[PDB]
Structures are given as C-alpha cells and as structure tokens.
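**Q** Need coordinates for the following:
(5 chains, ligands or ions: 1)
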Amino acid sequence: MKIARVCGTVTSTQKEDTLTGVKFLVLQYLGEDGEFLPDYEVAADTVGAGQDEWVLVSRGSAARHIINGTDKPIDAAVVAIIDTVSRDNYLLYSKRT
Amino acid sequence: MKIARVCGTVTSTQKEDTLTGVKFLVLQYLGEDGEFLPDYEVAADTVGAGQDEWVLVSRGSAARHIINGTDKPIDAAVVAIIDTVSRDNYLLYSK
Amino acid sequence: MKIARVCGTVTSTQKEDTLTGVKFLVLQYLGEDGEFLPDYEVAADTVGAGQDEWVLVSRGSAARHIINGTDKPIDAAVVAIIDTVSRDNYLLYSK
Amino acid sequence: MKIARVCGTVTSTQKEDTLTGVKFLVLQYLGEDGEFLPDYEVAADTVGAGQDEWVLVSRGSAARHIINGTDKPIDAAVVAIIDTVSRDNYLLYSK
Amino acid sequence: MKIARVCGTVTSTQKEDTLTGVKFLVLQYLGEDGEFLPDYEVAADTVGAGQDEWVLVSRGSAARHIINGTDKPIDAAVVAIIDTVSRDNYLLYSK
Ligand SMILES: [Mg+2]
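**A** Residues are numbered from 1 along each chain as shown, chains lettered A, B, ... in the order given. Sure, the structure comes next:
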C-alpha cells in the first residue's frame, strides 16, 4: 500500500454497470517526509475518506476485496484512513479525532 | 485507475481466439497539471468511448471484470467515461 | 496492453516442467509516439508472430489466459499481431 | 520480492473491516549499494518485524497469501525477516 | 518475463510458514545491450540457478504457478535458466 492524500473526485455517468454508486476519489501520492508527489491515482472508496485526509491505497486485485468489490473492474481502492504515521518511534503525522 | 484520453485504435486479425469482437483503443495518460504524458496504453473498450473523450483505465486482472471479459487475456480496460474531474477544490475538467 | 515489436527469441533447457512447449519471444516496446524504446519483455506466443511484426502484449495474470496458458508461470504474452494502429485521423502503422 | 527496512508504522481506526488486527509497517526500499531509496511502502506484517530490521516484501495478490491474508484488500506484505544478503563472493548485510 | 542475472542470495529464519525450504536469489535485471541495470529483484528459485547464470523471472501471481507455488506469498520466481538470447540478427548471449 502507498500513502496518499485525498485531493479531489471524478464523476462519470457512462461506465461499467458494476460501478454504479462507486465513489471515485482522486489521490495524490505522498513521498518522503510527506512530499506532495507529481503522481496521482483514481480510487474507489468504501471507507468514507474526506478531502485532504491521509489514506492507504491498495492497487491490483486487492481492490476487488473491498466490501462488495468482487465483480468490480477496479485496480485501486482506499482501504484505510490514516490516524498516525510514525518514523523511528516519533509521530510524523496525526489525524483530527 | 488512471485518467487517460482516447487518441487512437488498434485492429488485428491474427490474435487469441478469445479476443474476437474486442475493441482496442489507444489511450494517452494524464500527467499533472491537466497536461498529458507521452505514455500510452492499449485498452479494451466496452463502454464505447470516442476520440478525445476522457476515461478511467483499470489495469491487471481488473480488466477481465468488464462485461463479457471473463477469461480474455487483457490487462487494460476503459471502465468509465469521465464527465468531471475536480482537484484540490477547482474543476480541472468538464465534458 | 502495450505495443511492441518482435525482435528475438530466448531458449532454456533447464526450466519449470510447467513451461513445456512454450516458445519465448523477445519484444521491444514502442515508445515516443512511434519510436522504439530500449525496454524489452520476454513473452509467450501461440499466435505465430514473427520478426519485426508489431504486437499487443498483455502482462500479469492475463498471460495465463492465452490458449494453454492456465497454470503456467508466465506474466507476458503476445495476444495479437497488429494490422493497424491509428492515432486520431491518420494511420501510423499498417501491416 | 524487494528488500526493505522497517522504519515506522501507520495506524488507522476507519478502515475496511477485513483489516481489523492488521499491523501496518512503513518500509523503505533498498536501492544501489546498501543505500536506501526515498521510496516507501506500507505493508502488512504477520511475521513480527521491528524497527531497522531488513525484510522481504511481496506485492500484488501475493500479499493475500500470508497467514490469514485471504480476502484482505492488501497489496504488500512482509514475508521474511532477513538474516543475510550476499552479492557475489561477499556479504551485503547480516543480522 | 524479464532477463536477469543471478548475483546473490537472501536467507531468513523468521518468515511465513509456507516459505519453508524456499531458496531466495538476488537477481539483477538486464538492460541495454548486455548492460545490467541498477535495479534488482529477490526471487524464489525452484529450478536451481547459480551465480552469474542468466535467468527468466516471472512476477506477480505467475510466481505462485511454479511447482508447488500455490499458497506461497511470493511475487517473483526464476522460471528458467537461459541458454540463448537472440535479438534482431545477432546472438546476445549463449552460455
Ligand atoms: Mg504468423
């Protein structure tokens, strides 16, 4: 899994039937020390991640193992909203509670 | 998934027998800002996307989960035609 | 999938029993609009693609969905020999 | 598989229900020489790796094949804590 | 599949139980002409390759389709020892 931040959304009305009601978030990947990277993913989200939240994203067939994900032609999903990130025992980031 | 633009097609008469009737689009992947990359994918299309339309592309086994996709040796598929893309707060794209 | 040209062959006499009868082609990926890159793949082929032909290559578990691919440890296969590629209006490639 | 070192942790309380109990480690990938890359992965750990230890990480569907991994939406997992790594007639690392 | 050269080994005693007896090789990916790249993989080896031998590596779920690979959380395996590699119209490698 990669760490990313939620930074937008995609909407579509013409799409595979199996994607009805699927929320598509745009994610910007986060690098060392939380660098905003010039790289992005569009991902399904069944967890309920808000704008600017740090998340874990899973890619490949992992995405189909989200809740009700089985028949969906998705290759990226949000799987967790990040509460904390630590490095070498120091908190680097933490979430509003 | 990645955001891409439909910019071509591919056709083939000598191919795996399971690929009959599968339509292939050439796609160009979006970079950052709203600028496109010189990086392309050929993808199955069952959604019916046309030139210049923006799409979501899924890669790997996800591609086998398009309509009638079971057991087809494909690793890339258009899964949606995009109407809007927002980023940070503003509207980066609108059909 | 990616577009590549067939450019060679690999052979092996010590290998997994699961690769019995598998022909290996070396493929060179097409890059920068229509120029060939210094990036290669080794791929299975049942369709009969020859030197210099253009092909669609599928990677990952898609490769095991070629005819007789089931349960072989292969992660790349030629799935189609390319007749035509069209970018926007014009062609670009035609066999 | 890739070689990485354990450099931190991630926690989460809003997540997929299938991920209850999953320990998430932050891993830094090994680059050239024994230099590490500014490139990180967050991986499940059933083996019980700690800070500064070297591990093998498997990605993709492999990760679901760790003990109890089945049907968890994870795409990276620690699968071994490394004792040694050699390159040629010598040792790059020993615990 | 990628062409790689065997350039070391990894050992581990604390590891997923399904990886008992698995031999791990460190491999370096081949690049431009004969040049080997500054990128590497660790791969399960059930075929028996030695130092400096050239090998085909299969990655992702292919790796679980080696003999008895089925429940192993591995994403890379040596599937063959290369005897020959031919590219365009010259021999690049011949053991
Ligand atoms: Mg032929």
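**Q** mind checking how far residue A:84 is from residue D:24?
**A** 10 Å (Cβ to Cβ, to the nearest Å). In short, each C-beta sits where N, CA and C put it, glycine included.
**Q** More neighbours: which of these two?
**A** For residue A:84 versus residue D:24, the count of surrounding residues by other Cβ atoms under 10 Å in any protein chain shown is larger for residue D:24: 23 against 16.
**Q** Surely that one and residue D:6 touch.
**A** No. Counting by Cβ atoms under 8 Å, residue D:24 stays clear of residue D:6, with 11.0 Å between them.
**Q** Contacts only, for the closest residue to residue A:22 other than its chain neighbours.
**A** Excluding the flanking residues, the one nearest residue A:22 by Cβ to Cβ, 6 or more residues apart in numbering or on different chains is residue A:44, at 5.3 Å. Residue A:44 sits next to A:22, A:23, A:24, A:25, A:63, A:66, A:69, A:72, A:74, A:76, A:77, A:78 when contact means Cβ atoms under 8 Å, 6 or more residues apart in numbering or on different chains.
**Q** Contacts only, for the fourth one.
**A** By Cβ under 8 Å, 6+ apart, the contact set of residue A:25 is A:6, A:8, A:9, A:10, A:42, A:43, A:44, A:45, A:49, A:78.
**Q** Quick check: bridge partners of residue A:54?
**A** residue A:5 (DSSP bridges).
**Q** quick one: contacts for it?
**A** A:3, A:4, A:5, A:30, A:81, A:82, A:85, A:93, A:95.
**Q** Which residue, other than its chain neighbours, is closest to the last one?
**A** Take residue A:95 and drop its neighbours on the chain: the residue closest to it by Cβ to Cβ, 6+ apart is residue A:83, 4.8 Å away.
**Q** Turn the contacts of residue A:54 into CSV, columns for secondary structure.
**A** What follows is those, written out as CSV (DSSP: H, G, I helix; E, B strand; the rest coil):
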residue, secondary structure
A:3, strand
A:4, strand
A:5, strand
A:30, strand
A:81, strand
A:82, coil
A:85, strand
A:93, strand
A:95, coil
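**Q** Double-check that the residue nearest to residue A:22 belongs to a strand.
**A** Yes. Applying three-state DSSP, one finds residue A:44 inside a strand.
**Q** beta partners of the residue nearest in space to the middle of chain A?
**A** The centroid of chain A falls nearest to residue A:78 when counting by Cα atoms, centre = their mean (3.2 Å). With DSSP bridges applied, the residues forming beta bridges to residue A:78 are residue A:45, residue A:57.
**Q** How about the contacts made by residue A:28?
**A** Per Cβ under 8 Å, 6+ apart, neighbours of residue A:28: A:4, A:5, A:7, A:36, A:37, A:39, A:40.
**Q** 10 Å instead?
**A** Applying Cβ atoms under 10 Å, 6 or more residues apart in numbering or on different chains to residue A:28 gives the contacts A:4-8, A:36-41, B:32, B:87-88.
**Q** now for those, which pair is the farthest apart?
**A** Largest separation among these by Cβ to Cβ: A:6 and A:38, giving 16.8 Å.
**Q** Show me which residues of chain A sit near chain E.
**A** Within chain A, the positions near chain E by Cβ under 10 Å from any Cβ of the partner chain are A:60, A:61.
**Q** got the residue ranges for the helices in chain A?
**A** Under the criterion DSSP state H, chain A contains no helices.
**Q** in it, which spans are strands?
**A** A:2-11, A:14-15, A:24-30, A:36-45, A:54-59, A:76-81, A:84-87, A:90-94 (DSSP state E).
**Q** could you say what helices and strands the last one packs with?
**A** Contacts defined by 3 or more Cβ pairs under 10 Å, 6 or more residues apart in numbering or on different chains; DSSP states H and E place strand A:90-94 against strand A:84-87, strand D:2-11.
**Q** Give me the distance from that strand to the chain's centre.
**A** Between the centre of strand A:90-94 and the centre of its chain there are 19 Å (Cα atoms, centre = their mean, to the nearest Å).
**Q** Extract the CA atoms of it and return them as CSV.
**A** Output of strand A:90-94 as CSV, limited to C-alpha atoms (Å, rounded to 0.1, in the frame of the first residue of the first chain):
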residue,chain,number,x,y,z
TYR,A,90,8.3,9.7,16.6
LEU,A,91,4.9,10.7,15.3
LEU,A,92,5.3,12.5,11.9
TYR,A,93,1.6,13.0,11.3
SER,A,94,-1.7,12.5,13.1
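**Q** okay, the angle between it and strand A:54-59?
**A** 90 degrees (axes from the mean of the first three to the mean of the last three Cα atoms, to 10 degrees).
**Q** Name the residues of chain A found near chain C, please.
**A** A:60, A:61.
**Q** For residue A:31, which residues are in contact?
**A** Here residue A:31 is in contact with A:2, A:3, A:37, A:38, A:39, D:38, D:39, D:40 (Cβ under 10 Å, 6+ apart).
**Q** Apart from its neighbours in sequence, what residue is nearest the second one?
**A** Which is residue A:3. In space, and not counting its chain neighbours, residue A:3 is closest to residue A:30: 4.7 Å by Cβ to Cβ, 6+ apart.
**Q** need the contact list for that neighbour.
**A** By Cβ under 10 Å, 6+ apart, the neighbours of residue A:30 are A:2-5, A:36-37, A:39, A:54-55, A:82, A:85, A:93, D:40.
**Q** Run the chain-centre distance for stretch A:65-78.
**A** With Cα atoms, centre = their mean, you get 12 Å for stretch A:65-78.
**Q** what's the span of that stretch, first residue to last?
**A** Using Cα to Cα, to the nearest Å, the end-to-end distance of stretch A:65-78 comes to 11 Å.
**Q** Can you measure across stretch A:7-17, start residue to end residue?
**A** 26 Å.
**Q** no, scratch that, I was asking about stretch A:46-53
**A** Stretch A:46-53 has an end-to-end distance of 14 Å (Cα to Cα).
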